[PDB]
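A.B. asks: The structure under discussion is supplied below as structure tokens; questions concerning it will follow.
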Amino acid sequence: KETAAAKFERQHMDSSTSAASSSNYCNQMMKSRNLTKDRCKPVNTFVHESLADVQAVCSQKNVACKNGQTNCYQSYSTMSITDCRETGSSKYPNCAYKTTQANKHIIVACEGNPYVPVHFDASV
Ligand SMILES: Nc1ncnc2c1ncn2[C@@H]1O[C@H](COP(=O)(O)O)[C@@H](O)[C@H]1O
């Protein structure tokens, strides 16, 4: 079973580019990270900083998670991210996403040893 830490990297980590190059980044990334598998994952964010920078958020600003747990952390700095959101028109298995480049603070939930992000809670 893929660990939560590994799933996070699959779903949300893309250190390759430092931002979304093309307008159909989301279409490719959502496919290649297996997020369009049995359905279209409607919303997903990709983060474009080093794994080490993202992992480090786990020792930054402690905040409540949406689900009300206390193991969430907000990045001190803004980060290069990309919001993928399914278009009004999209339909499985032809999944369609708008790509939006952004610089925002990320909020992640951290777990395990080592203490690393396991959930992407929000960007702000
Ligand atoms: N570690 C986590 N911290 C906060 N919310 C989570 C976590 N894992 C999953 N969730 C989010 O909550 C949903 C499942 O409910 P729960 O994990 O119990 O809060 C998932 O669809 C996620 O959006």
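Residues in the structure tokens are named by chain (A, B, ... in the order shown) and by number from 1 within that chain; ligands are numbered from 1 in the order shown.
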Applying 10 Å and only C-alpha atoms, which residues near range 58-71 of chain A remain after dropping the ones on its own chain fewer than 6 positions away? List them as a PDB file with N, CA and C atoms, in the first residue's frame.

C.D. replies:
```pdb
ATOM      1  N   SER A  77       6.681  31.155   3.772  1.00  0.00           N
ATOM      2  CA  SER A  77       6.836  31.852   2.510  1.00  0.00           C
ATOM      3  C   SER A  77       5.725  31.407   1.556  1.00  0.00           C
ATOM      4  N   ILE A 107      -0.841  24.942   2.983  1.00  0.00           N
ATOM      5  CA  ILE A 107      -1.125  24.355   4.282  1.00  0.00           C
ATOM      6  C   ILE A 107      -1.224  22.848   4.081  1.00  0.00           C
ATOM      7  N   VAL A 108      -0.402  22.107   4.820  1.00  0.00           N
ATOM      8  CA  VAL A 108      -0.321  20.664   4.671  1.00  0.00           C
ATOM      9  C   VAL A 108      -0.459  20.045   6.057  1.00  0.00           C
ATOM     10  N   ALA A 109      -0.938  18.802   6.085  1.00  0.00           N
ATOM     11  CA  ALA A 109      -0.956  18.022   7.309  1.00  0.00           C
ATOM     12  C   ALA A 109       0.272  17.118   7.335  1.00  0.00           C
ATOM     13  N   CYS A 110       0.919  17.025   8.499  1.00  0.00           N
ATOM     14  CA  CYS A 110       2.153  16.272   8.579  1.00  0.00           C
ATOM     15  C   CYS A 110       1.989  15.092   9.535  1.00  0.00           C
ATOM     16  N   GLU A 111       2.643  13.981   9.182  1.00  0.00           N
ATOM     17  CA  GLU A 111       2.554  12.747   9.947  1.00  0.00           C
ATOM     18  C   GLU A 111       3.818  11.915   9.757  1.00  0.00           C
ATOM     19  N   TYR A 115       8.722  13.250   9.769  1.00  0.00           N
ATOM     20  CA  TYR A 115       7.524  14.073   9.808  1.00  0.00           C
ATOM     21  C   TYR A 115       7.411  14.883   8.519  1.00  0.00           C
ATOM     22  N   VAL A 116       6.552  14.423   7.614  1.00  0.00           N
ATOM     23  CA  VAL A 116       6.496  14.965   6.278  1.00  0.00           C
ATOM     24  C   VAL A 116       5.031  15.165   5.909  1.00  0.00           C
ATOM     25  N   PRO A 117       4.732  15.930   4.846  1.00  0.00           N
ATOM     26  CA  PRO A 117       3.348  16.195   4.490  1.00  0.00           C
ATOM     27  C   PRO A 117       2.703  14.895   4.037  1.00  0.00           C
ATOM     28  N   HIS A 119      -1.055  15.320   3.622  1.00  0.00           N
ATOM     29  CA  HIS A 119      -2.298  15.838   3.057  1.00  0.00           C
ATOM     30  C   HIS A 119      -2.107  17.299   2.648  1.00  0.00           C
ATOM     31  N   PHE A 120      -2.689  17.675   1.508  1.00  0.00           N
ATOM     32  CA  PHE A 120      -2.710  19.065   1.104  1.00  0.00           C
ATOM     33  C   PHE A 120      -4.031  19.683   1.542  1.00  0.00           C
ATOM     34  N   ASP A 121      -3.990  20.577   2.535  1.00  0.00           N
ATOM     35  CA  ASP A 121      -5.215  21.074   3.141  1.00  0.00           C
ATOM     36  C   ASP A 121      -5.755  22.284   2.378  1.00  0.00           C
ATOM     37  N   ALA A 122      -4.872  23.196   1.954  1.00  0.00           N
ATOM     38  CA  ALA A 122      -5.306  24.439   1.337  1.00  0.00           C
ATOM     39  C   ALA A 122      -4.089  25.228   0.859  1.00  0.00           C
TER      40      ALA A 122
END
```

A.B. asks: I need the residues of range 29-116 of chain A that end up classed as strand (DSSP E or B) by DSSP on the backbone, written out as a count of residues only.

C.D. replies: 36

A.B. asks: May I have the residues within 10 Å of residue 106 in chain A as a list in words, using only C-alpha atoms and disregarding those fewer than 4 positions away in the same chain?

C.D. replies: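 Final neighbour list, sorted by chain and number: residues 45, 47, 54, 57, 73, 74, 75, 76, 77, 78, 79, 80, 81, 120, 121, 122, 123 and 124 of chain A.
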
A.B. asks: Set the distance at 12 Å and use only C-alpha atoms: which residues neighbour range 11-21 of chain A once local chain neighbours fewer than 4 positions away are removed? I'd like the list as an NGL selection string.

C.D. replies: :A and (2 or 4-7 or 25-36 or 41 or 43-55 or 79-84 or 98-103 or 106-108 or 117-123)

A.B. asks: Please produce a file of those selected residues containing C-alpha atoms, as an mmCIF file, in the first residue's frame.

C.D. replies:
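Written file, out12.cif:
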```
data_model
loop_
_atom_site.group_PDB
_atom_site.id
_atom_site.type_symbol
_atom_site.label_atom_id
_atom_site.label_comp_id
_atom_site.auth_asym_id
_atom_site.auth_seq_id
_atom_site.Cartn_x
_atom_site.Cartn_y
_atom_site.Cartn_z
ATOM 1 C CA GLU A 2 1.365 3.385 -1.109
ATOM 2 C CA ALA A 4 0.350 8.651 2.693
ATOM 3 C CA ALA A 5 3.712 10.423 2.320
ATOM 4 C CA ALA A 6 4.246 8.833 -1.090
ATOM 5 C CA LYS A 7 0.697 9.612 -2.191
ATOM 6 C CA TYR A 25 -0.107 21.202 -17.883
ATOM 7 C CA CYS A 26 -3.026 20.162 -15.689
ATOM 8 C CA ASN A 27 -4.403 17.864 -18.397
ATOM 9 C CA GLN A 28 -1.102 15.999 -18.636
ATOM 10 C CA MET A 29 -0.110 16.085 -14.973
ATOM 11 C CA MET A 30 -3.534 14.932 -13.768
ATOM 12 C CA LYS A 31 -3.208 12.033 -16.200
ATOM 13 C CA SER A 32 0.399 11.093 -15.529
ATOM 14 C CA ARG A 33 -0.012 11.225 -11.738
ATOM 15 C CA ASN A 34 -2.952 8.807 -12.138
ATOM 16 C CA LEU A 35 -5.592 11.248 -10.920
ATOM 17 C CA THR A 36 -7.926 10.643 -13.877
ATOM 18 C CA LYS A 41 -10.252 14.189 -9.725
ATOM 19 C CA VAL A 43 -9.522 19.776 -7.966
ATOM 20 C CA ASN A 44 -5.804 19.300 -7.345
ATOM 21 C CA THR A 45 -2.803 21.489 -6.579
ATOM 22 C CA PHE A 46 0.806 20.956 -7.665
ATOM 23 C CA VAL A 47 3.747 22.454 -5.798
ATOM 24 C CA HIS A 48 6.870 23.637 -7.613
ATOM 25 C CA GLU A 49 9.490 23.949 -4.911
ATOM 26 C CA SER A 50 12.057 21.411 -3.711
ATOM 27 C CA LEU A 51 10.807 18.421 -1.716
ATOM 28 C CA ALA A 52 13.033 19.706 1.100
ATOM 29 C CA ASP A 53 11.368 23.139 1.171
ATOM 30 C CA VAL A 54 7.911 21.557 1.211
ATOM 31 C CA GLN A 55 8.871 18.998 3.846
ATOM 32 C CA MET A 79 5.462 29.022 -3.018
ATOM 33 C CA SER A 80 5.116 28.483 -6.752
ATOM 34 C CA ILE A 81 2.008 26.331 -7.188
ATOM 35 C CA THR A 82 -0.457 25.337 -9.942
ATOM 36 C CA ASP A 83 -4.195 24.912 -9.335
ATOM 37 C CA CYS A 84 -5.859 22.344 -11.557
ATOM 38 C CA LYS A 98 -7.909 24.723 -16.380
ATOM 39 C CA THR A 99 -4.344 25.410 -15.291
ATOM 40 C CA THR A 100 -3.802 28.394 -13.004
ATOM 41 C CA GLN A 101 -0.295 29.401 -11.932
ATOM 42 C CA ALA A 102 -0.137 30.944 -8.468
ATOM 43 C CA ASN A 103 2.178 32.011 -5.674
ATOM 44 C CA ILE A 106 0.474 26.152 1.336
ATOM 45 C CA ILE A 107 -1.125 24.355 4.282
ATOM 46 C CA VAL A 108 -0.321 20.664 4.671
ATOM 47 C CA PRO A 117 3.348 16.195 4.490
ATOM 48 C CA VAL A 118 0.649 13.567 4.012
ATOM 49 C CA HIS A 119 -2.298 15.838 3.057
ATOM 50 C CA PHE A 120 -2.710 19.065 1.104
ATOM 51 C CA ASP A 121 -5.215 21.074 3.141
ATOM 52 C CA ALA A 122 -5.306 24.439 1.337
ATOM 53 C CA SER A 123 -3.386 27.257 -0.322
#
```

A.B. asks: Taking the chain letters and numbering used in this document, name the residues of chain A that DSSP puts in alpha helix (DSSP H), as an mmCIF file with N, CA, C and O atoms, in the first residue's frame.

C.D. replies:
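The resulting file, result-v2.cif, is reproduced below:
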```cif
data_model
loop_
_atom_site.group_PDB
_atom_site.id
_atom_site.type_symbol
_atom_site.label_atom_id
_atom_site.label_comp_id
_atom_site.auth_asym_id
_atom_site.auth_seq_id
_atom_site.Cartn_x
_atom_site.Cartn_y
_atom_site.Cartn_z
ATOM 1 N N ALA A 4 0.952 7.334 2.792
ATOM 2 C CA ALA A 4 0.350 8.651 2.693
ATOM 3 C C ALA A 4 1.391 9.664 2.217
ATOM 4 O O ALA A 4 1.068 10.572 1.453
ATOM 5 N N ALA A 5 2.642 9.500 2.673
ATOM 6 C CA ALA A 5 3.712 10.423 2.320
ATOM 7 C C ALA A 5 3.995 10.325 0.819
ATOM 8 O O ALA A 5 4.173 11.340 0.135
ATOM 9 N N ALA A 6 3.991 9.089 0.311
ATOM 10 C CA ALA A 6 4.246 8.833 -1.090
ATOM 11 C C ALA A 6 3.087 9.354 -1.930
ATOM 12 O O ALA A 6 3.301 9.893 -3.008
ATOM 13 N N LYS A 7 1.860 9.161 -1.447
ATOM 14 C CA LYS A 7 0.697 9.612 -2.191
ATOM 15 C C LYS A 7 0.753 11.128 -2.356
ATOM 16 O O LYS A 7 0.419 11.653 -3.417
ATOM 17 N N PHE A 8 1.160 11.831 -1.294
ATOM 18 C CA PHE A 8 1.274 13.279 -1.337
ATOM 19 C C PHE A 8 2.224 13.721 -2.450
ATOM 20 O O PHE A 8 1.926 14.656 -3.194
ATOM 21 N N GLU A 9 3.389 13.076 -2.542
ATOM 22 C CA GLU A 9 4.367 13.435 -3.556
ATOM 23 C C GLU A 9 3.772 13.195 -4.944
ATOM 24 O O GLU A 9 3.924 14.020 -5.838
ATOM 25 N N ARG A 10 3.073 12.072 -5.118
ATOM 26 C CA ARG A 10 2.470 11.749 -6.402
ATOM 27 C C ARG A 10 1.469 12.840 -6.776
ATOM 28 O O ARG A 10 1.464 13.315 -7.912
ATOM 29 N N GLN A 11 0.631 13.242 -5.811
ATOM 30 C CA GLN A 11 -0.522 14.074 -6.102
ATOM 31 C C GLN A 11 -0.132 15.544 -6.237
ATOM 32 O O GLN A 11 -0.761 16.255 -7.013
ATOM 33 N N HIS A 12 0.881 16.000 -5.483
ATOM 34 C CA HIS A 12 1.052 17.422 -5.231
ATOM 35 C C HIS A 12 2.482 17.930 -5.470
ATOM 36 O O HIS A 12 2.697 19.141 -5.464
ATOM 37 N N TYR A 25 -0.846 21.858 -18.948
ATOM 38 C CA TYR A 25 -0.107 21.202 -17.883
ATOM 39 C C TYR A 25 -1.038 20.302 -17.072
ATOM 40 O O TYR A 25 -0.774 19.115 -16.894
ATOM 41 N N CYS A 26 -2.133 20.883 -16.578
ATOM 42 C CA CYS A 26 -3.026 20.162 -15.689
ATOM 43 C C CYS A 26 -3.526 18.897 -16.376
ATOM 44 O O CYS A 26 -3.559 17.835 -15.765
ATOM 45 N N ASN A 27 -3.851 18.998 -17.670
ATOM 46 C CA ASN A 27 -4.403 17.864 -18.397
ATOM 47 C C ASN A 27 -3.403 16.715 -18.391
ATOM 48 O O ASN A 27 -3.787 15.567 -18.200
ATOM 49 N N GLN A 28 -2.118 17.033 -18.539
ATOM 50 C CA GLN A 28 -1.102 15.999 -18.636
ATOM 51 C C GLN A 28 -0.748 15.495 -17.240
ATOM 52 O O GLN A 28 -0.699 14.291 -16.994
ATOM 53 N N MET A 29 -0.532 16.432 -16.320
ATOM 54 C CA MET A 29 -0.110 16.085 -14.973
ATOM 55 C C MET A 29 -1.187 15.253 -14.278
ATOM 56 O O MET A 29 -0.877 14.266 -13.619
ATOM 57 N N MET A 30 -2.457 15.641 -14.436
ATOM 58 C CA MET A 30 -3.534 14.932 -13.768
ATOM 59 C C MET A 30 -3.602 13.510 -14.325
ATOM 60 O O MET A 30 -4.005 12.575 -13.637
ATOM 61 N N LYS A 31 -3.198 13.348 -15.586
ATOM 62 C CA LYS A 31 -3.208 12.033 -16.200
ATOM 63 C C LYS A 31 -2.023 11.230 -15.677
ATOM 64 O O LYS A 31 -2.183 10.097 -15.231
ATOM 65 N N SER A 32 -0.834 11.835 -15.723
ATOM 66 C CA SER A 32 0.399 11.093 -15.529
ATOM 67 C C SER A 32 0.595 10.751 -14.057
ATOM 68 O O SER A 32 1.347 9.834 -13.739
ATOM 69 N N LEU A 51 11.410 19.287 -2.715
ATOM 70 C CA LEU A 51 10.807 18.421 -1.716
ATOM 71 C C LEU A 51 11.215 18.885 -0.320
ATOM 72 O O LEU A 51 10.413 18.847 0.612
ATOM 73 N N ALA A 52 12.476 19.315 -0.185
ATOM 74 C CA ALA A 52 13.033 19.706 1.100
ATOM 75 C C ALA A 52 12.343 20.960 1.643
ATOM 76 O O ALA A 52 12.139 21.076 2.849
ATOM 77 N N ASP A 53 12.064 21.928 0.765
ATOM 78 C CA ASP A 53 11.368 23.139 1.171
ATOM 79 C C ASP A 53 9.944 22.795 1.623
ATOM 80 O O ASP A 53 9.416 23.384 2.562
ATOM 81 N N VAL A 54 9.291 21.888 0.906
ATOM 82 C CA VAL A 54 7.911 21.557 1.211
ATOM 83 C C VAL A 54 7.866 20.768 2.519
ATOM 84 O O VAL A 54 7.084 21.066 3.419
ATOM 85 N N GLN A 55 8.755 19.783 2.635
ATOM 86 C CA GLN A 55 8.871 18.998 3.846
ATOM 87 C C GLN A 55 9.092 19.913 5.051
ATOM 88 O O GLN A 55 8.562 19.652 6.115
#
```

A.B. asks: For each of A:94, A:23, A:40, A:56, take the minimum atom-to-atom distance to residue 114 in chain A, counting only C-alpha atoms, then give the residue where this is smallest.

C.D. replies: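 Comparing A:94, A:23, A:40, A:56 against residue 114 in chain A, the winner is A:56.
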
A.B. asks: For a quick check of understanding, using only C-alpha atoms and all ligand atoms, which of A:24, A:113, A:92, A:72 has the smallest distance to ligand 1?

C.D. replies: A:72

A.B. asks: Between atom 6 (C, counted along the ligand's line) of ligand 1 and CA of residue 42 in chain A, measure the distance and give it in Å to one decimal.

C.D. replies: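 Taking atom 6 (C, counted along the ligand's line) of ligand 1 as the start and CA of residue 42 in chain A as the end point, the length is 16.5 Å.
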
A.B. asks: Can you work out which one of A:88, A:22, A:3, A:104 has the shortest atom-to-atom distance to ligand 1, counting only C-alpha atoms and all ligand atoms?

C.D. replies: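 Ranked by minimum distance to ligand 1, first place goes to A:3.
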